[PDB]
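# A structural walkthrough
Okay, here's what each chain looks like letter by letter:
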Amino acid sequence: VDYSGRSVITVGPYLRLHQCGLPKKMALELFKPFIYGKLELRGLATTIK
Amino acid sequence: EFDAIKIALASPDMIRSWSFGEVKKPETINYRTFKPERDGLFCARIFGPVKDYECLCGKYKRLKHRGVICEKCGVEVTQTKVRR
Amino acid sequence: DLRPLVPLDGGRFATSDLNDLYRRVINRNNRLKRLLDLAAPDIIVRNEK
Amino acid sequence: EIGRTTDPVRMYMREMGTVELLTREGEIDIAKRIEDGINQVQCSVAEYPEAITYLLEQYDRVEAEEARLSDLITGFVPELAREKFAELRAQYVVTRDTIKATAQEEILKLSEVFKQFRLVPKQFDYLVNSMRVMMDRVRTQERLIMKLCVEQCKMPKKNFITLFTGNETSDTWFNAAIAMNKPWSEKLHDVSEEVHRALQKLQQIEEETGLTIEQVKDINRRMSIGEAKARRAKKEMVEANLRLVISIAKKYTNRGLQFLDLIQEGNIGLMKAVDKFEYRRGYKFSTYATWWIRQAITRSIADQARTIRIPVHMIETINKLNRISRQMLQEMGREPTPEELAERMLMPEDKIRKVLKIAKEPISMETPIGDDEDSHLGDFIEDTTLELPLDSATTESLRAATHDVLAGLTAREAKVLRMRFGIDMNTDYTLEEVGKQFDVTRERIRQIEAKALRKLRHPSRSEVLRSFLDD
Amino acid sequence: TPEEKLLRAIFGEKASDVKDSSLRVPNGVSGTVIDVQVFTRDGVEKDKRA
Ligand SMILES: [Zn+2]
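Residues numbered from 1 in each chain as written, not as in the entry; some residues may be left out. Chains lettered and ligands numbered in written order. Part of a larger assembly, values for the part shown. Heavy atoms only, no water. Residues with missing side-chain atoms left out of burial classes, pairs and counts.

A separate point is the overall build of chain B. A tally of regular secondary structure across chain B gives two helices and zero strands. Scaling as 2.2 N^0.38, a compact globule of 84 residues should have a C-alpha radius of gyration of about 12 Å, whereas chain B reaches 15 Å, well beyond that. For the C-alpha atoms alone, the extent of chain B along its principal axes is close to 40 × 30 × 20 Å. Across the 84 residues in chain B, those meeting the buried criterion constitute 31%. Sequence-distant contacts in chain B: of pairs separated by 6 or more residues, those separated by 24 or more amount to 34%. Accessible surface computed for chain B: about 6,300 Å², of which carbon and sulfur atoms make up 53%. (Helix = DSSP H or I, 4+ residues; strand = E, 2+ residues; numbered from the N terminus. Rg over C-alpha atoms; globule rule 2.2 N^0.38 Å. Buried < 20%, exposed > 50% of the residue type's maximum accessible area, 1.4 Å probe, protein only. Contact = heavy atoms within 4.5 Å. Areas by Shrake-Rupley, 256 points an atom, 1.4 Å probe, with all protein chains shown as cover.)

This is how it looks when you write it as structure tokens:
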């Protein structure tokens, strides 16, 4: 499957149980189509490249 | 699109219906200039072209000629996923 | 392209196994056509079939 | 003892073991049988005039720059040869001029001086093929005039074969068949007009052959007898020597070609040999068949053992490299380097680099690799003809950008530029093509295209187009 | 493709003759290159660093 990854899990008890602490780097890797669309939507990046 | 899968035995006439040409020889490729060696198991004539929209003899190399079987080596210039 | 002879990097080819099985079937097929062209003895065409 | 086994090798070994070997005098007997068959078929060919006519025509063809003499005839048992051709012409024309009697004996003498004439395999086999085809065309009218009468006319084979055989050409079995006043008498009339033209084409064939029906049938029936006897002898001897083939085929055991492939291609070579064994020279058979069986097995292994077939000469070169490398390794102590093979062989040392580079067998794409839930190699070979979706997205984006840009130009200039480049149309037209469609000379359209391009360079414009250059 | 011939002609660029196939440090990883080694096949002219 695309859009998927895995890494070690750990505790994080500050969480409310509708959320999971998910790392910045995996999240920026998994959400690149969304980020590209958002950047060229807000105009911070002229083309997709 | 569709709504059911039928399964039955394949006849000689059906098996010649799916197919695009007999595979006569066992050659796969040309070991020096790795072309699909006609007309063996990877035959550009039979199973399609090797790169999109390019004949095998190099004569036709553009989408201007989509669909034209070459004269020289007879490879229908079409998308190479027809190879599949 | 469902039984490919893709060249893995290094000049080495990486064929499938169906290329072997078809190559063998077609060799024995062509040989049987020949053994019927030479009007061969019976035991040889029986062995070939 | 039939079943109880699913091996094909055993099923071949048994069937070849039932037959027993040959004695040397036994092989001589079989060879004499083969000569008897071949001489019978050559004599049957000799009693056929067109057997001489075809050779005469072919010699002229070789005279007329259409073939070669060496590959028109296999010599004779070329000045002697050619005077023999002219003597053939003379005796042929004299037998043709003596149609009146002794012409039986003249045809005999013509064909017997022809028997000293040795032909190409194509020559004699094609003569036999022509005679087969002529007999087939005769049997065509035969099966017509038989099936029109006993099947359609309800004529007994007693009163049909009794008279249908014996004339076959005139009406004495035809008008007098109905003149016997039989239940099939009035029933032949519907087909007697068709059977008559069937006999018309039969008479045509008799005119074409130069001989009758019955005599031609005696000839080619003796011919087929001789050929069947020759085939019987050759079957006998090859069944004798299947063991020899297994013996020679054991040794090429694992060079990439299965065992029964080796024994079968050995047998095909063996048939090649038996078609050419010559006992007059007097050498034992096995000594002569061994060359052909090794040649067949090795040509086989070279031609159909690689998945990516490499020609015969190249495999001989590779076997030369490997054999000299084995020697250099036993001698030099260690493994020789790809320049020293240049010195021990006669190679430019780059030809050997290419010959070593000729790739080995493809790793079967189901090789097991450890590991991680039993995954084979085929899981690891990515797809290269794909295009990653960012480039597909960016092609779309550039399509949209160039559309919105070219909208900025004038309509005629936008069309000349959508036509000069292949934008949004099937083909990219020459400037003369676009000129003829717009009715203008090439230079004007060239200036127009340059004007549009220059305008598109213009900053305050083409900012995004510049953005589509990533480096 | 069309629109690419257009772009290239508009911006006077000559398309590249040769393809980038460099070796690059894998994503995420830092390091201090502690050793390089060049293996030149026999008969190929050793460059500066070899
Ligand atoms: Zn072509």
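Moving on to the nonpolar core. Judged by nonpolar contacts, the single largest core of 37 residues is most densely connected at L270(D) and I297(D). Put simply, the parts of the chain that give this core at least two residues each are α2 (42-48) of chain C together with α1 (8-18), α2 (24-46), α10 (214-249), α11 (259-274) and α12 (285-303) of chain D. Of all the elements, α10(D) adds the most residues to this core, at nine residues. Ignoring any residue separated from it by four or fewer positions in sequence, one finds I297(D) in contact with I248(D), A249(D), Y252(D), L262(D) and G266(D). With 29 residues, the next largest nonpolar core counts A81(D), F85(D), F117(D) and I213(D) among its residues. (Core = buried A, V, L, I, M, F, W, Y, C linked by side-chain atoms within 4.5 Å.)

All names here are of chain B. Distances from the zinc ion to its protein donors, namely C55 (SG), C57 (SG), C70 (SG) and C73 (SG), fall within the range 2.3 to 2.4 Å. Coordination at the zinc ion comes from four donor atoms whose angles at the metal span 92 to 145 degrees, giving a geometry best classed as irregular. Each donor residue of the zinc ion lies on one chain, and together they are spaced C-x1-C-x12-C-x2-C. For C55, a relative accessible area of 8% translates into the label buried. (Donors = N, O, S within 2.8 Å, 3.2 Å for Na, K, Ca; no water. Tetrahedral: all angles 85-135°; square planar, octahedral: opposite > 155°, others 65-115°.)

Reports often express the size of an interface as the amount of accessible area lost when the parts come together. With 31 residues of chain D at the contact, the number on the chain C side is 26 residues. Each partner contributes to the roughly 2,700 Å² buried at the junction of chain D and chain C, and carbon and sulfur atoms together form 58% of this total. Seen at the junction of chain D and chain C, the total is four salt bridges. For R31(C), the salt bridge goes to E265(D), with nearest N and O atoms at 2.6 Å. The tally of links between chain D and chain C comes to twelve residue pairs in polar contact. (Buried area = accessible area lost by both parts, 1.4 Å probe. Salt bridge = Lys/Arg side-chain N within 4 Å of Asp/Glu carboxyl O. Polar contact = N/O pair within 3.5 Å; in protein donor to acceptor, adjacent residues only side chain to side chain.)

To continue, consider a positive patch on the surface. All names here are of chain D. There is a patch of like positive charges on the surface, built from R412, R444, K451, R454, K455, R457 and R461. Top element by residues in the positive patch is helix α19 (residues 442-457). It accounts for five residues. The residue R454 is located in helix α19 in this model. Given a relative accessible area of 59%, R454 falls into the exposed group. (Patch = residues over 30% accessible without salt bridge, like charges linked within 9 Å, V, L, I, M, F, W, Y side chains within 5 Å. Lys, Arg positive; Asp, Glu negative; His and termini not counted. Charge placed at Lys NZ, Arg CZ, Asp CG, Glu CD.)

A few words now on the side chain of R83(B). Considering the arrangement of structural elements, one finds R83(B) in the segment after α2 (44-47). Aside from chain neighbours lying at most four places away, what touches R83(B) is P36(B), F42(B), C43(B), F47(B), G48(B), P49(B), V50(B) and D1(C).

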